[PDB]
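Chemist: Experimental coordinates follow, after the sequence.
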Amino acid sequence: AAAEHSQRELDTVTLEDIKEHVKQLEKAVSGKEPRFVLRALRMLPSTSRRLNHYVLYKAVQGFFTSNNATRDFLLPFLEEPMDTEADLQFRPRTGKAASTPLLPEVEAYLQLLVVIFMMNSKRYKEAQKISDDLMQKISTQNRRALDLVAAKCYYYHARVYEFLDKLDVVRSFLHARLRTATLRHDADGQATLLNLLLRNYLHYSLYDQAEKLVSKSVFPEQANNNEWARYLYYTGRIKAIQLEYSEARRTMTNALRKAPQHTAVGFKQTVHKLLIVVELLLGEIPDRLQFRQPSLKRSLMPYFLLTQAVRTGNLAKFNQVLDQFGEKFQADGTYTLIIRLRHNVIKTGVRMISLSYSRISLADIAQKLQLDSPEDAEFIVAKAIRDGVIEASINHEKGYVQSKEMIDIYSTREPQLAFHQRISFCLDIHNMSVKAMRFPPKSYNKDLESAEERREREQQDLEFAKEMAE
Amino acid sequence: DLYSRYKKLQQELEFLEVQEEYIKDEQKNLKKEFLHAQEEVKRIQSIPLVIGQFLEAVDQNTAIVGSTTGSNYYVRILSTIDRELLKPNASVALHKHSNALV
Amino acid sequence: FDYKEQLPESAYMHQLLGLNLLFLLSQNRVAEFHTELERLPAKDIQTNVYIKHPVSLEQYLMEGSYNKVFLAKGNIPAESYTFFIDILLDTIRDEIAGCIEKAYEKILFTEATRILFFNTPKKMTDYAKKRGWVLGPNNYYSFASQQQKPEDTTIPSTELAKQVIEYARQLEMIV
Amino acid sequence: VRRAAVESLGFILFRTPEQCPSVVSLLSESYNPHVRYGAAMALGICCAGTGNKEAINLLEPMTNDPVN
Amino acid sequence: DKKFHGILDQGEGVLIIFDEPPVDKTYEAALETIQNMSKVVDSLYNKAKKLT
Amino acid sequence: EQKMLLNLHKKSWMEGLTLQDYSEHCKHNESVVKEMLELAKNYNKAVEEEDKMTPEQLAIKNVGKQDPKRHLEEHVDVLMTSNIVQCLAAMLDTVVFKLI
Amino acid sequence: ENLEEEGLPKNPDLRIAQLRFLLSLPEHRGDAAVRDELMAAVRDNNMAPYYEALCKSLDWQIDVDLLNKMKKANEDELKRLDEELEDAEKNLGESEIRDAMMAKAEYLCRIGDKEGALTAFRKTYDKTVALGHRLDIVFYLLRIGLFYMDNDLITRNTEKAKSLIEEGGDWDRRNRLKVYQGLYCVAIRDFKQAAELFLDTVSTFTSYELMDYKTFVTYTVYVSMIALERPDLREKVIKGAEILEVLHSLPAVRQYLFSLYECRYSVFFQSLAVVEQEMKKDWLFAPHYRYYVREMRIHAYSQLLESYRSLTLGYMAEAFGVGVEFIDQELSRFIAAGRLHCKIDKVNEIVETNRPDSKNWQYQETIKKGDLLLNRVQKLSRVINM
Amino acid sequence: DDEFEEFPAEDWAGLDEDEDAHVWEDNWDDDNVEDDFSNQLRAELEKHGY
Amino acid sequence: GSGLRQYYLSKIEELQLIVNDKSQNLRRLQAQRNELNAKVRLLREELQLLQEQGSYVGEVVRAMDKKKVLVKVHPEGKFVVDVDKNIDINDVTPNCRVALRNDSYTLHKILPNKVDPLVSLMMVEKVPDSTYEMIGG
């Protein structure tokens, strides 16, 4: 029974941890600062794995201490232990505490624990039922710190339906709760609900709806970093689909910056894929170092080959990469953006042709770009010249392209503009860092002269004046 | 009691705004007074000054110096003294009365 | 797309969706074109002809393959696709000449016949006077218009002074 | 003028004696001895007769001020 | 051998001598300063990750 | 009398728009940047030393030894002021004194 | 004749690392001679942890009898060293204690027990009184780092060795540290610093535990032709007495150097192919054999275009002994990369050289490196806020 | 922390045998797929009949 | 059965959020102001502090009963001085460097200890440091 002994030994400490978290929530209510709730949810993912049927049962039947309809709701949905030898009655509430109903903060937290275990137990329908009851509970209430808990509930409330694969009945609830949070100035709940709505819209390729939603809604500035990352990723995906590549790239870079530094590997992989695709679409080049990471190497290998093909500026290589990894790109939800990369491949090839050749025959250009005919190369090069891709001219009668003589870059305003952007960013960094310096509320003006020691000087100086002058 | 609480909260908000405006003004003028105090502390360096030798830095603001009168003193250092110049065996100018490193 | 769970897959659905995509291309609402294209599954985009034709036309238009854009009229997936094609074509010519002015410094009169996809030489004259192209005595259209450079002759001293003043603000106004 | 300006706060805030030990508390530790005197006098005028514990706690260290 | 700055046009058989400008010491010093300050940022990285 | 005394050290309007010599300005910029090179090289060592240094030596060990951070700040401030002022003055002069 | 006896102790034997790298290569995995030499070294030194690592990484069949015999020998020797240390700590003095720990650490390093060797070397360093003995321990750590290409170990021990050499004015140890640092800079593609250090120690080389003097001179030439300007290459390498004396016994390396210097570009290209095949098999130059060669090619092209206003494509192809199409592709690739200051008129097949100002090339690097430092600053602030 | 278990973490399946473990100024040109310069020079030496 | 009770609650919470934000910002601003004001006050008191006479530097011969110490002022021979209430008599070891007040000569600080006489002697003797590694044969 070594396994039983060990399992019970972790079950008791997990029960103690849940007790510590419920005490943190209750003292957050008592002290009226909702931020104490965060450290309860800070350990939430760790506890989500550190619980089982016995832990849930012990917690729900010693934690309520009142057999209301709640205990008639979640007890039947979980298994019960036998007459265990160590019948340690886990009753944190005694006397008036047991009689008094639980705070709305903590019943929701235990119900979240039950929902999480149901998800880990694949009881998606039962999890949906429990989450529906929980949503009624937290929609009825109007507390302030509960919102900090409430957002998390919503993230799981949608998550259970993610395994139900409906995501449509949840849209109305998400919109209603988003409105009720926005009207209440609930920053955390509004951010979580906006992220959930964006994810729901993108699950069905409703990019127009998500674009409208992000156009009219205002994301909370004082939101969590883990919610800022999701919002930036979703907005970047919207911008990428809507051909707004520059803002898409900026948002994806910001999301990668705000991603967790050690965890959330899959989020990193998805954002890296989309960022690589957008950067190739923008005409820039993806950073090589991101392909060197141990976690990202296998995921980005098809994207590494795609980046290689695009950098070579060869139509045939890009088409080979497409015909080789089209199914993988489709499974990753980036095939539509990959298709647009043909124009960028042609643009890059034309750019290197102009950068390398002073005068180059149109047939040679078509051969180097693996196009069909030099007649098509004529139109392609003309479009590139008109768009400003390359500074050149075409001699139709002669049949070649003459690239313009390179102008002295440092004698123009472009270095000034680049330096301007970098200087403004550096000054912004300095101002942000200065504004982030916090002085602890020390007892100021106590490092000054002390009263007794200052009086010492007055008396000694009085003696000095009374004795030296006489 | 709802209206009383709401009106009290409104008055508290307006009072907080007044307090923040006053604090910003006081910072603006306190910078000027800091500059004035820095300027006026330089009267301790008025001549005549004795010449000593910086022997050791006991702490941030006090030091042992050997005056040319022949006596070693544990005195204070003027806060506006560049501590990068307080090398060993460095000649310093001390207040003629208090021997303070000025 | 909404009631497709109970509704069966319409035979004409893909054709009409491709018609919508081609119409979006005709009105230069390419941003809406890609958003509506993303609504389709990724398979029929590269497989179904009714969807393959408009997306390929968009690729040709963006990359500059205007000859393929004109050839797209011949191989349309359906007769209903015809009308929107003409709506696109009127743009293409005015786009093609836009390249010719900025790329070709001088082109022969007949040389543009395949470039501008004009059947009758008379159709050149009216389009040229609409475009205001100065025909040359040697049947050469002189497109000397690059003299209107980015105008580096002028220093944007006002903008530069504003930027430097903003630097001074960010260095001093912080307090 | 500064001392009188700080003094005048008591005549304005005496109807709400609890506010004076908050607006003036920081003035009571300022560099200017006249402003400190005005802070003390504002506490006296506004919280007169009330026996405010906060104002008395503010005044208690001020009785050991270096300035007479 | 960089003994003088110029090129040789074989087609016309003419030596073209160029009045090259000296390298900008300011840019060289700025580049090495950037490198050293990157090292400083690495030291700050170690200090930050170790103490937080 | 206060307004009359305010004219003390009041710089003339001519030197407000006067541009510093560009040869000397470039030489000063190069010299100060070359100084910050060594200052940053020492700044790295200063950071590493202060990593392992007891709190009693935070100021005592700074006595008699130059502080790379302070000199770096001073050089940065000097170069920012000089270059920004020169650029702004040149940009103003390009508008004010124009031939057209 | 006493050359190799001058060098530092050969622990770890870097030849073992080279042979392991050779076996890692797909081309030479099945080479019977390389496997035989590596197994002979393992058997002679009784490298049980290294045998385990070899059979795990390379998927070999572990000889149970050989492994058991080598493990028994290792256990008996470790027991003997532990007994010696126990006797030293009770009867003999601190010097004998340090000698016993040095023997234990040397044995742990010799058998490939990397982590145990590092722990024992740290313990020995903690109570080693002699500065030179401490610096020898630091060199042992540097050799261990080079054996496994441990960048952190190499950097930390290089800084420590620099400090120790500064404390005690040991110029011999300074030259050895220069050789080790040049080897590391070769390993990390820092050919400028590697060339500088190798040229500084070309006349003071005594690190025979790292490489043979001929191999050291070949490496010095290889890094010099890629990191040195033409006047510097002439003064230091072309006219270097020691380098020329060594090259008298290395006709291939002398041909490779002088073909570039004397502008025999076809001979230089053939020697570059030979050199490339040499770099591919060297564990130090393997990651950079693609880079180095490419750079050399650029150098050759640049040299041929440095003195001429314009050159026909046929002339370039004839000079390099290659086709016109090859020259076209190579020149286009290198111009697109911004490494060659010329443009190709393919209509007339004429390469016309350019003279871009150093200001542009400084500004581009300023943008690049400032962006790198700015990214570091941004990510550091990101770490700081949370 | 609120780790992103919502997004499907694609399996690593990577090589933990120190695949690269290097610190250079690495650039994309080293990753260009091509045969070695020795092979190219060998294949073009005989293209001229030599 | 509530009227504008929900309206009152909405207004109250809307004001409460702004009140909390402004209170936190005011606390930060007050911390900044208090720091700068403390700097100003310390600067003004430093002018008066620097005019206070400096302390003599003496060497401790031996501690005695009743918190007395026998010191040797640098040029001025020996004194029997009191000990400040903030200085422990057990920390006043012989041959220690101490600071004595200007008038009372009261021992009010234990300065960092001087150079050890053995260290001073061996500095002038200056034998070359050596180890077994630099001895041959």
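Modeler: On my side now, so go ahead. Numbers count the residues shown, from 1 in each chain, chains lettered A, B, ... in the order given.
Chemist: Give me the most central residue, chain B.
Modeler: residue B:79 (5.7 Å; CA atoms, centre = their mean).
Chemist: quick one: that one and residue D:38, what's the gap?
Modeler: Distance from residue B:79 to residue D:38, counting by CB to CB, to the nearest Å: 29 Å. All C-beta atoms are positioned from the backbone trio N, CA, C, and that covers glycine.
Chemist: How about residue A:94?
Modeler: Taking CB to CB as the measure, residue A:94 falls 55 Å from residue D:38.
Chemist: Name the residues that touch stretch G:146-163?
Modeler: The contact list for stretch G:146-163, computed with CB atoms under 8 Å, 6 or more residues apart in numbering or on different chains, reads G:12, G:14, G:16-17, G:114, G:118, G:135, G:138-139, G:141-142, G:144-145, G:173, G:177, G:180-181, G:183-184, G:187-188, G:210, H:21-23.
Chemist: check contacts around the residue nearest to residue A:385 when sequence neighbours are not counted.
Modeler: Leaving aside its chain neighbours, residue A:385 sits nearest to residue C:103 (4.0 Å; criterion: CB to CB, 6 or more residues apart in numbering or on different chains). By CB under 8 Å, 6+ apart, the contact set of residue C:103 is A:381-382, A:385-386, A:392-394.
Chemist: did I read that right, residue G:352 in a strand?
Modeler: Yes - assigned with DSSP: H, G, I helix; E, B strand; the rest coil, residue G:352 falls within a strand.
Chemist: ok, residues contacting stretch C:45-64?
Modeler: A:326, A:335-336, A:339-340, A:342-343, A:346, A:379-380, A:382-384, C:14-15, C:17-19, C:21-22, C:25, C:30, C:33, C:37, C:40, C:44, C:65-66, C:68-69, C:72, C:75-78, C:81, C:88, C:92, C:99.
Chemist: follow-up on the earlier one: if I look at the residue nearest to residue A:385, how far off is residue C:166?
Modeler: Taking CB to CB, one finds residue C:103 at 39 Å from residue C:166.
Chemist: so who does residue D:27 touch?
Modeler: Per CB under 8 Å, 6+ apart, neighbours of residue D:27: D:6, D:35-36, D:38-39, D:42.
Chemist: same thing but 7 Å
Modeler: Contact analysis of residue D:27 by CB atoms under 7 Å, 6 or more residues apart in numbering or on different chains lists D:6, D:35, D:39.
Chemist: Spatially nearest residue to it (excluding sequence neighbours)?
Modeler: residue D:39 (4.3 Å).
Chemist: how many neighbours does whichever residue of chain F sits closest to chain I have?
Modeler: Closest to chain I within chain F is residue F:60: 9.4 Å, counting by CB to the nearest CB. Counted with other CB atoms under 10 Å in any protein chain shown, residues neighbouring residue F:60 total 17.
Chemist: Can you give the distance from stretch A:422-434 to the centre of its chain?
Modeler: A distance of 24 Å separates the centroid of the chain from that of stretch A:422-434, by CA atoms, centre = their mean, to the nearest Å.
Chemist: Now look at that stretch and say if it contacts chain C.
Modeler: Yes - applying CB under 7 Å from any CB of the partner chain, one finds stretch A:422-434 touching chain C at A:423, A:427, A:431, A:434.
Chemist: Would you list the buried entries among the residues you listed?
Modeler: A:423, A:427 (16 or more other CB atoms under 10 Å in any protein chain shown).
Chemist: between the residues of stretch A:422-434 next to chain C, which is nearest residue G:315?
Modeler: residue A:423 (47.5 Å; CB to CB).
Chemist: For the closest one, which residues are in contact?
Modeler: residue C:167.
Chemist: which of the residues in stretch G:165-181 are buried?
Modeler: For stretch G:165-181, the buried set under the neighbour-count rule, 16+ other CB under 10 Å, comprises G:165, G:170, G:173-181.
Chemist: out of these, who's nearest chain B?
Modeler: Using CB to the nearest CB, residue G:165 comes nearest to chain B of those, at 27.3 Å.
Chemist: Near whichever residue of chain C sits closest to chain B, how many residues? Count them for me, please.
Modeler: With CB to the nearest CB as the measure, residue C:175 is the residue of chain C nearest to chain B, at 7.4 Å. Residues within reach of residue C:175, counting by other CB under 10 Å, total 7.
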